[PDB]
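The structure appears right after this line, and notes come after that.
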Amino acid sequence: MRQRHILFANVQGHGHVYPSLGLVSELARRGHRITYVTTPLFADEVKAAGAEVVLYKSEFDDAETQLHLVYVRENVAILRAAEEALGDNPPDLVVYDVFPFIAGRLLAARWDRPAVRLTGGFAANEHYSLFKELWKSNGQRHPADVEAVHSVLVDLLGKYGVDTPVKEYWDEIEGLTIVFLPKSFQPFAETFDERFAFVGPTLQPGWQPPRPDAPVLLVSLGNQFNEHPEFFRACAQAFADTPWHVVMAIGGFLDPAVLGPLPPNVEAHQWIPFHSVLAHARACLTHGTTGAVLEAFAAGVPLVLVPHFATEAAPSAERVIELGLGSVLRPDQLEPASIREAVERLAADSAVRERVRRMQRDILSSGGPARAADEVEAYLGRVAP
Amino acid sequence: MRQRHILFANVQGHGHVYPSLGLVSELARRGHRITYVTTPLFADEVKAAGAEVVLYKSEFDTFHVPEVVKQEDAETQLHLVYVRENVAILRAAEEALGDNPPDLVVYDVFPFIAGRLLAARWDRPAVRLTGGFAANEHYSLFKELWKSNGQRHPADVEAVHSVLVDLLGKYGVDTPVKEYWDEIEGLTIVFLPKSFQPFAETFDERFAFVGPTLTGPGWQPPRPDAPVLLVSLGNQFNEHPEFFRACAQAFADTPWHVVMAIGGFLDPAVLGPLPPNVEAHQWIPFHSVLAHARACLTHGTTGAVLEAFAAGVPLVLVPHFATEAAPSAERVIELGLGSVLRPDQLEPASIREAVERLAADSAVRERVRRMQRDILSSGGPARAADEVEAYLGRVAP
Ligand SMILES: [Ca+2]
Ligand SMILES: [Ca+2]
Ligand SMILES: [Cl-]
């Protein structure tokens, strides 16, 4: 009955953009006007999803204070991009990813508009915060307790008539937070109140196994920038002369020729349709970021993780192990025979398999992009009648 | 809505199964028990979508080699295999569900005889699905095809008619065969945007035009403003390496960057050395490439067409590569959303000039952008699930 003008505040990067786009499309499907702040790198992708784009220039084009400060400057960059573009015509709603939460909430404070937080990672409240656990494990102070960071945030927050102490503002919970995870994957899930919606992951003729009885393995380390020909060769060697059929997605940087001849039961591709392979897979060998792990569990496929290939993968990998949904290979266990052994043990573990099938069920019932849009619209109902 | 037991009856084949799958998942998300009739070839895909599988044995396992080179009555044989395939699905579903029928039968248009007979015998409401044009008293793609082929309606062929009268009678149906064939379902979910439908204005509220299930490690172009062409002929069982080589030749030493998706049956090594601005892959993520593309050169199946238009990319069509592509291809040309190349028009220079002309055509550009908006506003699986749940509310709450 109402068209809403909805502004997305998001940082550039595959991991931050991709999970959001299903929601952007479902809201545009519903007749809402989507504006989305991003860089030229993701502009075309965001427009294809149905949104109008506001371009910002990314900063990513004492080491931790510098990581902290640039983080602040990136929020400032997105903040100023959105203000200049929208100007004397505020949107109805600000939806922002956790990374630019400074930008998002300040836009909402400056326009007097409600906001929604988006997260493709674990939710935070007073009982669990992944960010607090990370700072702790690295012996870092909370950024708010860092003078140089604290100083800039005081200035920034004052400009926007915010007098809230920096550490508290930092820890405030949004009116609504859409969490793109199934609830059972969330640490301390039971403590998370009504303002948190665990909606799960957003998600060519496809690939078909050449031999219908063959156990299928998917190997992927994402679309890496740095190249691991050695690992893919070791995987090829590991499953040569076994009943397995192995599909290796090597990304857009590595030339499949580089891997040399492959046996007939191993295939390598820069790009593969992941879900079509996972639908047939008995296991998946992967880096273990949140995205990768949930795609596998959405298809009921147990995991062997190699989290040293992905820096973000640590918390997600840790959770997989914690829940008994997969195993992990250390960098000293990457000889072909070791890879084989780990994959076979995991694939044969019927306890892990049943846990993963229950996770598949929890993903399915989570609700997806349609529910995430229903949540957005419902929220707008409450704070904007 | 309370959990319902919903049965999907579908034929095997990517073009029939894939568009249905978004709806399957969205219904399963809502708590519904989904059972889905298919073959082993698609059993994994359907299970991953959230359905339990009832297997059937396809006539097309062994009707591969009987009809390739025709003797006289090949036309009649084609109709008879269609009927047998409907019967294969009907028998499998009845055997599997036995004395415990589902609450609702959702059938694809190809097995409509199976779907409607299951619904009659079980005394249940039914929903029709189609990935192609809807039919009513004003328009029927099949009637136009038979007409253009100079062949009789299958109901007017003696061998087919006799089988069908007998089968219908076994389900307490004495409706004349041709009349029955044309009856309109209580609800039809059409996976097309309404504007793409011929005689769209004549379709009443029993037809929901929900559009294609939408698309979306991302591929990036080599320069920000590189003109990008996507070339795809689908997952061709046939080797057309010459065409891909011709495409590569066409754009060598031009600023274009060409991405060729050659499918899972062709080794890209077969193509030989490619120019540095041309890349070939068995699989590519179509959406990532289309988001940057200025044009798409494609066979013109309804699936591939709507994918291109979802991204606002105009098409150059080569429909002779896919017999299934003629209706969609003709619609694209009729609407001015693309051009077409014939078999004699496939020399490299012909390909390059055709693509350049199409990509520069502002009028096409604008009509395609209107089609993109239609598709984006069509509603998709969430709307399709809403329509199914609402229909249940009315006819079997
Ligand atoms: Ca891009
Ligand atoms: Ca299959
Ligand atoms: Cl129809």
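Following the order of the structure tokens, chains are lettered A, B, ..., residues in each are numbered from 1, and ligands are numbered from 1.
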
How would you write, as a PyMOL selection string, the set of residues in stretch 184-345 of chain A that DSSP gives as strand (DSSP E)? chain A and resi 196-198+216-220+245-249+266-269+281-286+303-305+326-328

Those residues you just picked out, can you put them in a file as a compact mmCIF listing (two decimals), in the first residue's frame with N, CA and C atoms?
# COMPACT_ATOMS: atom_id res chain seq x y z
N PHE A 196 15.79 -8.94 16.96
CA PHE A 196 16.76 -9.75 16.15
C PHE A 196 16.03 -10.81 15.34
N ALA A 197 16.15 -10.72 14.02
CA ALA A 197 15.51 -11.71 13.16
C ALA A 197 16.57 -12.60 12.50
N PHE A 198 16.65 -13.88 12.90
CA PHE A 198 17.60 -14.85 12.29
C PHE A 198 16.99 -15.50 11.04
N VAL A 216 30.69 -37.42 -4.28
CA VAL A 216 31.16 -36.16 -4.86
C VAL A 216 31.75 -35.22 -3.77
N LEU A 217 32.92 -34.69 -4.06
CA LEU A 217 33.60 -33.70 -3.19
C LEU A 217 33.69 -32.34 -3.90
N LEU A 218 33.23 -31.29 -3.22
CA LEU A 218 33.45 -29.94 -3.74
C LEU A 218 34.68 -29.35 -3.02
N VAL A 219 35.66 -28.86 -3.78
CA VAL A 219 36.77 -28.08 -3.20
C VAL A 219 36.76 -26.62 -3.68
N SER A 220 36.79 -25.69 -2.74
CA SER A 220 36.81 -24.27 -3.08
C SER A 220 37.49 -23.46 -2.00
N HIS A 245 34.36 -38.38 -7.08
CA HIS A 245 34.43 -37.39 -8.14
C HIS A 245 34.63 -36.03 -7.48
N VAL A 246 35.67 -35.33 -7.89
CA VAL A 246 36.07 -34.07 -7.24
C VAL A 246 35.90 -32.90 -8.22
N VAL A 247 35.24 -31.85 -7.74
CA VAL A 247 35.06 -30.64 -8.52
C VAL A 247 35.79 -29.56 -7.74
N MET A 248 36.79 -28.96 -8.37
CA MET A 248 37.57 -27.90 -7.72
C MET A 248 37.28 -26.54 -8.32
N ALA A 249 36.81 -25.61 -7.51
CA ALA A 249 36.58 -24.25 -8.01
C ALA A 249 37.80 -23.47 -7.56
N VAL A 266 38.62 -35.94 -11.52
CA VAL A 266 38.89 -34.61 -10.91
C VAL A 266 38.73 -33.55 -11.98
N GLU A 267 37.92 -32.55 -11.68
CA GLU A 267 37.74 -31.45 -12.60
C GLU A 267 38.04 -30.11 -11.94
N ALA A 268 38.59 -29.18 -12.71
CA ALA A 268 38.94 -27.85 -12.18
C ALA A 268 38.32 -26.74 -13.02
N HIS A 269 37.80 -25.71 -12.37
CA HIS A 269 37.09 -24.63 -13.07
C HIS A 269 37.39 -23.38 -12.28
N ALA A 281 26.86 -33.43 -3.47
CA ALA A 281 28.08 -33.65 -2.67
C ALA A 281 27.90 -34.46 -1.38
N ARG A 282 28.90 -35.30 -1.15
CA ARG A 282 29.00 -36.04 0.07
C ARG A 282 29.79 -35.27 1.15
N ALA A 283 30.67 -34.37 0.71
CA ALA A 283 31.44 -33.49 1.60
C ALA A 283 31.89 -32.27 0.81
N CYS A 284 32.35 -31.25 1.51
CA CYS A 284 32.93 -30.08 0.88
C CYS A 284 34.20 -29.68 1.67
N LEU A 285 35.29 -29.38 0.94
CA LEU A 285 36.55 -28.96 1.51
C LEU A 285 36.68 -27.50 1.20
N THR A 286 36.74 -26.70 2.25
CA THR A 286 36.64 -25.26 2.04
C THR A 286 37.35 -24.43 3.11
N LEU A 303 31.45 -30.58 6.38
CA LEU A 303 32.61 -29.78 5.98
C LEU A 303 33.92 -30.30 6.50
N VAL A 304 34.97 -30.13 5.67
CA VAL A 304 36.34 -30.20 6.12
C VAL A 304 36.87 -28.83 5.84
N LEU A 305 37.37 -28.19 6.89
CA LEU A 305 37.77 -26.79 6.80
C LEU A 305 39.28 -26.64 6.69
N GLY A 326 31.63 -30.34 11.21
CA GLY A 326 32.73 -30.51 10.28
C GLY A 326 34.05 -30.73 11.01
N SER A 327 35.15 -30.81 10.27
CA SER A 327 36.47 -30.96 10.86
C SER A 327 37.39 -29.93 10.26
N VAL A 328 38.58 -29.81 10.82
CA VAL A 328 39.53 -28.81 10.36
C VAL A 328 40.85 -29.49 10.03

Select from stretch 163-383 of chain B everything DSSP, run on the backbone, classes as alpha helix (DSSP H), then give the selection as a ChimeraX atom specification. /B:163-169,177-181,241-251,286-290,302-310,326-334,348-360,362-376,380-383

Go ahead and save the picked residues with C-alpha atoms, as a PDB file, in the first residue's frame.
ATOM      1  CA  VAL B 163      -5.827 -43.620 -25.826  1.00  0.00           C
ATOM      2  CA  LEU B 164      -6.965 -40.385 -24.247  1.00  0.00           C
ATOM      3  CA  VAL B 165     -10.701 -41.081 -24.291  1.00  0.00           C
ATOM      4  CA  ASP B 166      -9.993 -44.412 -22.552  1.00  0.00           C
ATOM      5  CA  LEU B 167      -7.651 -42.861 -19.942  1.00  0.00           C
ATOM      6  CA  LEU B 168     -10.000 -39.949 -19.113  1.00  0.00           C
ATOM      7  CA  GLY B 169     -12.920 -42.365 -18.795  1.00  0.00           C
ATOM      8  CA  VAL B 177     -10.606 -34.664 -25.557  1.00  0.00           C
ATOM      9  CA  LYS B 178      -9.886 -31.388 -27.357  1.00  0.00           C
ATOM     10  CA  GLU B 179     -12.188 -29.476 -24.910  1.00  0.00           C
ATOM     11  CA  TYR B 180     -10.502 -31.077 -21.897  1.00  0.00           C
ATOM     12  CA  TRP B 181      -7.016 -30.226 -23.294  1.00  0.00           C
ATOM     13  CA  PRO B 241      33.139 -25.377 -31.380  1.00  0.00           C
ATOM     14  CA  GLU B 242      33.138 -23.611 -34.798  1.00  0.00           C
ATOM     15  CA  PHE B 243      30.537 -21.099 -33.612  1.00  0.00           C
ATOM     16  CA  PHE B 244      32.557 -20.209 -30.482  1.00  0.00           C
ATOM     17  CA  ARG B 245      35.775 -19.925 -32.579  1.00  0.00           C
ATOM     18  CA  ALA B 246      33.861 -17.625 -35.019  1.00  0.00           C
ATOM     19  CA  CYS B 247      32.703 -15.491 -32.051  1.00  0.00           C
ATOM     20  CA  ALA B 248      36.270 -15.265 -30.775  1.00  0.00           C
ATOM     21  CA  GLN B 249      37.492 -14.352 -34.279  1.00  0.00           C
ATOM     22  CA  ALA B 250      34.756 -11.683 -34.569  1.00  0.00           C
ATOM     23  CA  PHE B 251      36.033  -9.624 -31.579  1.00  0.00           C
ATOM     24  CA  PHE B 286      25.777 -15.420 -15.738  1.00  0.00           C
ATOM     25  CA  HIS B 287      24.503 -12.656 -13.428  1.00  0.00           C
ATOM     26  CA  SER B 288      27.994 -11.267 -12.658  1.00  0.00           C
ATOM     27  CA  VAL B 289      28.825 -11.112 -16.363  1.00  0.00           C
ATOM     28  CA  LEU B 290      25.371  -9.776 -17.425  1.00  0.00           C
ATOM     29  CA  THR B 302      12.824 -18.382 -22.423  1.00  0.00           C
ATOM     30  CA  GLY B 303      15.139 -18.965 -19.441  1.00  0.00           C
ATOM     31  CA  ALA B 304      18.212 -17.374 -20.995  1.00  0.00           C
ATOM     32  CA  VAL B 305      16.210 -14.466 -22.449  1.00  0.00           C
ATOM     33  CA  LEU B 306      14.610 -13.424 -19.154  1.00  0.00           C
ATOM     34  CA  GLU B 307      18.009 -13.700 -17.393  1.00  0.00           C
ATOM     35  CA  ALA B 308      19.439 -11.155 -19.922  1.00  0.00           C
ATOM     36  CA  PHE B 309      16.429  -8.884 -19.567  1.00  0.00           C
ATOM     37  CA  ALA B 310      16.540  -9.062 -15.669  1.00  0.00           C
ATOM     38  CA  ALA B 326      11.667 -20.536 -31.515  1.00  0.00           C
ATOM     39  CA  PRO B 327       8.579 -19.208 -29.524  1.00  0.00           C
ATOM     40  CA  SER B 328      10.703 -17.098 -27.090  1.00  0.00           C
ATOM     41  CA  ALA B 329      12.991 -15.973 -29.864  1.00  0.00           C
ATOM     42  CA  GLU B 330      10.067 -14.875 -32.036  1.00  0.00           C
ATOM     43  CA  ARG B 331       8.589 -12.990 -29.052  1.00  0.00           C
ATOM     44  CA  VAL B 332      11.890 -11.142 -28.448  1.00  0.00           C
ATOM     45  CA  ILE B 333      11.978 -10.032 -32.124  1.00  0.00           C
ATOM     46  CA  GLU B 334       8.241  -9.155 -32.071  1.00  0.00           C
ATOM     47  CA  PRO B 348      32.987 -13.515 -37.774  1.00  0.00           C
ATOM     48  CA  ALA B 349      32.417 -10.066 -39.397  1.00  0.00           C
ATOM     49  CA  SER B 350      28.695 -10.697 -39.557  1.00  0.00           C
ATOM     50  CA  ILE B 351      28.672 -11.554 -35.829  1.00  0.00           C
ATOM     51  CA  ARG B 352      30.672  -8.467 -34.772  1.00  0.00           C
ATOM     52  CA  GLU B 353      28.590  -6.029 -36.889  1.00  0.00           C
ATOM     53  CA  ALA B 354      25.296  -7.534 -35.691  1.00  0.00           C
ATOM     54  CA  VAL B 355      26.308  -7.243 -32.029  1.00  0.00           C
ATOM     55  CA  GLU B 356      27.654  -3.723 -32.480  1.00  0.00           C
ATOM     56  CA  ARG B 357      24.485  -2.537 -34.223  1.00  0.00           C
ATOM     57  CA  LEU B 358      22.235  -4.119 -31.544  1.00  0.00           C
ATOM     58  CA  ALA B 359      24.322  -2.785 -28.639  1.00  0.00           C
ATOM     59  CA  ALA B 360      24.200   0.761 -30.116  1.00  0.00           C
ATOM     60  CA  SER B 362      18.908   3.160 -28.257  1.00  0.00           C
ATOM     61  CA  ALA B 363      15.281   2.125 -28.987  1.00  0.00           C
ATOM     62  CA  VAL B 364      16.054  -1.527 -28.196  1.00  0.00           C
ATOM     63  CA  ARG B 365      18.011  -0.344 -25.109  1.00  0.00           C
ATOM     64  CA  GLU B 366      14.955   1.527 -23.817  1.00  0.00           C
ATOM     65  CA  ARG B 367      12.448  -1.313 -24.514  1.00  0.00           C
ATOM     66  CA  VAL B 368      14.817  -3.728 -22.717  1.00  0.00           C
ATOM     67  CA  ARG B 369      15.038  -1.363 -19.700  1.00  0.00           C
ATOM     68  CA  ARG B 370      11.183  -1.325 -19.531  1.00  0.00           C
ATOM     69  CA  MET B 371      11.251  -5.144 -19.667  1.00  0.00           C
ATOM     70  CA  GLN B 372      13.833  -5.186 -16.841  1.00  0.00           C
ATOM     71  CA  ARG B 373      11.470  -3.134 -14.666  1.00  0.00           C
ATOM     72  CA  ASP B 374       8.550  -5.495 -15.540  1.00  0.00           C
ATOM     73  CA  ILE B 375      10.635  -8.500 -14.469  1.00  0.00           C
ATOM     74  CA  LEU B 376      11.840  -6.826 -11.293  1.00  0.00           C
ATOM     75  CA  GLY B 380       8.987 -13.978  -7.945  1.00  0.00           C
ATOM     76  CA  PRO B 381       8.755 -17.008  -5.687  1.00  0.00           C
ATOM     77  CA  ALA B 382       7.467 -15.016  -2.680  1.00  0.00           C
ATOM     78  CA  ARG B 383       4.501 -13.875  -4.715  1.00  0.00           C
TER      79      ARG B 383
END

Check which residues of chain B sit at most 8 Å from ligand 1 using only C-alpha atoms and all ligand atoms, and return one row each with the closest pair of atoms and their distance in Å to one decimal, ordered by chain and rising number, as a Markdown table.
| residue | atom | partner | partner_atom_place_in_ligand_line | distance |
| --- | --- | --- | --- | --- |
| B:219 | CA | ligand 1 | 1 (Ca) | 7.7 |
| B:220 | CA | ligand 1 | 1 (Ca) | 5.3 |
| B:221 | CA | ligand 1 | 1 (Ca) | 7.1 |
| B:224 | CA | ligand 1 | 1 (Ca) | 7.9 |
| B:288 | CA | ligand 1 | 1 (Ca) | 7.7 |
| B:291 | CA | ligand 1 | 1 (Ca) | 7.6 |
| B:292 | CA | ligand 1 | 1 (Ca) | 6.9 |

Any chance you could export the current selection's C-alpha atoms as a compact mmCIF listing (two decimals), in the first residue's frame?
# COMPACT_ATOMS: atom_id res chain seq x y z
CA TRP B 219 33.54 -12.04 -12.03
CA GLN B 220 34.73 -8.45 -12.84
CA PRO B 221 35.51 -6.89 -16.29
CA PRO B 224 35.66 -0.33 -15.87
CA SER B 288 27.99 -11.27 -12.66
CA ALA B 291 25.60 -7.02 -14.82
CA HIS B 292 28.49 -5.54 -16.91

Exercise: residue B:295 partners within 6 Å, only C-alpha atoms, chain neighbours under 4 positions left out, as a ChimeraX atom specification: /B:229,313-315,359

Generate a file of the selected residues that holds N, CA, C and O atoms, formatted as a PDB file, in the first residue's frame.
ATOM      1  N   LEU B 229      30.636  -8.618 -23.900  1.00  0.00           N
ATOM      2  CA  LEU B 229      29.674  -9.495 -24.522  1.00  0.00           C
ATOM      3  C   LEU B 229      29.637 -10.826 -23.810  1.00  0.00           C
ATOM      4  O   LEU B 229      30.699 -11.451 -23.585  1.00  0.00           O
ATOM      5  N   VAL B 313      19.963  -6.262 -20.395  1.00  0.00           N
ATOM      6  CA  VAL B 313      20.911  -6.501 -21.501  1.00  0.00           C
ATOM      7  C   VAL B 313      20.164  -6.919 -22.748  1.00  0.00           C
ATOM      8  O   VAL B 313      19.463  -7.950 -22.714  1.00  0.00           O
ATOM      9  N   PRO B 314      20.363  -6.181 -23.848  1.00  0.00           N
ATOM     10  CA  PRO B 314      19.711  -6.557 -25.104  1.00  0.00           C
ATOM     11  C   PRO B 314      20.350  -7.798 -25.766  1.00  0.00           C
ATOM     12  O   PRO B 314      21.522  -8.096 -25.525  1.00  0.00           O
ATOM     13  N   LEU B 315      19.590  -8.508 -26.593  1.00  0.00           N
ATOM     14  CA  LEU B 315      20.044  -9.836 -27.090  1.00  0.00           C
ATOM     15  C   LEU B 315      20.303  -9.850 -28.599  1.00  0.00           C
ATOM     16  O   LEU B 315      19.581  -9.203 -29.382  1.00  0.00           O
ATOM     17  N   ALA B 359      23.874  -3.418 -29.874  1.00  0.00           N
ATOM     18  CA  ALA B 359      24.322  -2.785 -28.639  1.00  0.00           C
ATOM     19  C   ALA B 359      24.221  -1.282 -28.736  1.00  0.00           C
ATOM     20  O   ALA B 359      24.040  -0.661 -27.721  1.00  0.00           O
TER      21      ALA B 359
END

Within 12 Å of ligand 2, counting only C-alpha atoms and all ligand atoms, which protein or nucleic acid residues do you find, written as a VMD selection string? (chain A and resid 205 to 213 216 275 to 281) or (chain B and resid 12 to 14 17 to 18 38 to 48)

Any residue with an atom at most 7 Å from ligand 3 counts, using only C-alpha atoms and all ligand atoms. Which are they? Put them as JSON, numbers by chain. {"B": [109, 130, 133, 134, 135, 188]}

For atom CA of residue A:127 and atom CA of residue A:183, determine how far apart the two atoms are, in Å to one decimal place.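 Going from atom CA of residue A:127 over to atom CA of residue A:183, I get 15.2 Å.
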
Between atom CA of residue A:297 and atom CA of residue A:356, distance in Å (one decimal): 6.1 Å

Report as a ChimeraX atom specification all protein, DNA and RNA residues lying within 12 Å of residue A:126, evaluated on only C-alpha atoms, omitting residues in the same chain fewer than 5 positions from it. /A:132,168,171-173,188,191-193

Let's have the selection written as an mmCIF file, in the first residue's frame, with N, CA and C atoms.
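As a result, result-v7.cif now contains:
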data_model
loop_
_atom_site.group_PDB
_atom_site.id
_atom_site.type_symbol
_atom_site.label_atom_id
_atom_site.label_comp_id
_atom_site.auth_asym_id
_atom_site.auth_seq_id
_atom_site.Cartn_x
_atom_site.Cartn_y
_atom_site.Cartn_z
ATOM 1 N N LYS A 132 33.952 -8.194 20.727
ATOM 2 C CA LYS A 132 34.594 -8.238 22.064
ATOM 3 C C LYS A 132 35.505 -9.459 22.219
ATOM 4 N N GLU A 168 29.538 3.368 24.804
ATOM 5 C CA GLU A 168 28.137 2.953 24.842
ATOM 6 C C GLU A 168 27.445 3.067 23.481
ATOM 7 N N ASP A 171 28.189 0.201 21.572
ATOM 8 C CA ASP A 171 27.476 -1.019 21.930
ATOM 9 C C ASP A 171 25.950 -0.970 21.874
ATOM 10 N N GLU A 172 25.361 0.155 21.479
ATOM 11 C CA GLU A 172 23.900 0.247 21.420
ATOM 12 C C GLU A 172 23.373 -0.779 20.418
ATOM 13 N N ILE A 173 22.227 -1.380 20.753
ATOM 14 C CA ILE A 173 21.471 -2.338 19.919
ATOM 15 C C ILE A 173 20.481 -1.578 19.014
ATOM 16 N N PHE A 188 24.971 -18.429 21.981
ATOM 17 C CA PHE A 188 24.024 -17.814 22.961
ATOM 18 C C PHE A 188 22.664 -17.380 22.340
ATOM 19 N N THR A 191 19.354 -15.882 24.157
ATOM 20 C CA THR A 191 19.378 -14.572 24.831
ATOM 21 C C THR A 191 18.933 -13.414 23.881
ATOM 22 N N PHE A 192 18.800 -13.747 22.588
ATOM 23 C CA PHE A 192 18.565 -12.728 21.556
ATOM 24 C C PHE A 192 17.075 -12.417 21.362
ATOM 25 N N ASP A 193 16.701 -11.171 21.656
ATOM 26 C CA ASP A 193 15.297 -10.742 21.768
ATOM 27 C C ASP A 193 14.619 -10.430 20.416
#

Near stretch 97-111 of chain A, within 7 Å and counting only C-alpha atoms, which residues show up once chain neighbours fewer than 4 positions away are dropped, as a ChimeraX atom specification? /A:9-11,75-76,78-79,90,115,117-119,160

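Of the listed residues (A:38, A:350, A:204, A:164), A:204 comes nearest to chain B; the distances count only C-alpha atoms.
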
Exercise: stretch 357-366 of chain A partners within 9 Å, only C-alpha atoms, chain neighbours under 6 positions left out, as a short mmCIF file (atom, residue, chain, number, x, y, z; two decimals) with C-alpha atoms, in the first residue's frame:
data_model
loop_
_atom_site.label_atom_id
_atom_site.label_comp_id
_atom_site.auth_asym_id
_atom_site.auth_seq_id
_atom_site.Cartn_x
_atom_site.Cartn_y
_atom_site.Cartn_z
CA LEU A 181 22.22 -16.78 9.88
CA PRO A 182 20.03 -19.64 11.03
CA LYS A 183 19.34 -19.16 14.77
CA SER A 184 21.05 -22.45 15.83
CA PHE A 185 24.33 -21.27 14.37
CA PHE A 198 17.60 -14.85 12.29
CA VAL A 199 16.49 -15.14 8.67
CA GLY A 200 19.28 -17.37 7.42
CA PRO A 201 21.56 -17.06 4.43
CA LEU A 294 26.04 -21.90 5.27
CA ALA A 296 27.15 -26.18 2.30
CA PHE A 297 24.82 -26.70 5.28
CA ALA A 298 21.81 -25.40 3.17
CA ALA A 299 22.45 -28.48 1.00
CA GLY A 300 23.13 -30.80 4.00
CA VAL A 301 26.84 -31.22 3.17
CA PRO A 302 29.37 -31.71 5.98
CA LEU A 325 29.30 -29.95 11.83
CA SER B 25 11.79 -23.68 -1.44
CA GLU B 26 9.57 -20.76 -0.52
CA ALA B 28 9.01 -25.41 2.36
CA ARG B 29 10.26 -22.27 4.21
CA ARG B 30 6.68 -21.61 5.17
CA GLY B 31 6.42 -25.02 6.88
CA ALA B 48 18.25 -29.66 -1.90
CA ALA B 49 15.31 -27.34 -2.68
CA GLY B 50 13.45 -28.81 0.35
#

Need the shell around residue A:195: protein/DNA/RNA residues with any atom at most 7 Å away, counting only C-alpha atoms. Skip same-chain ones fewer than 5 positions apart. Format as a list in words?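 The contact residues come out as residues 175, 176 and 177 of chain A.
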
Residue nearest chain B - candidates A:148, A:337, A:258, A:370, atoms counted: only C-alpha atoms: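 Ranked by minimum distance to chain B, first place goes to A:370.
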
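With only C-alpha atoms as the atoms that count, the minimum distance from chain A to the choices B:339, B:361, B:32, B:321 is reached by B:32.
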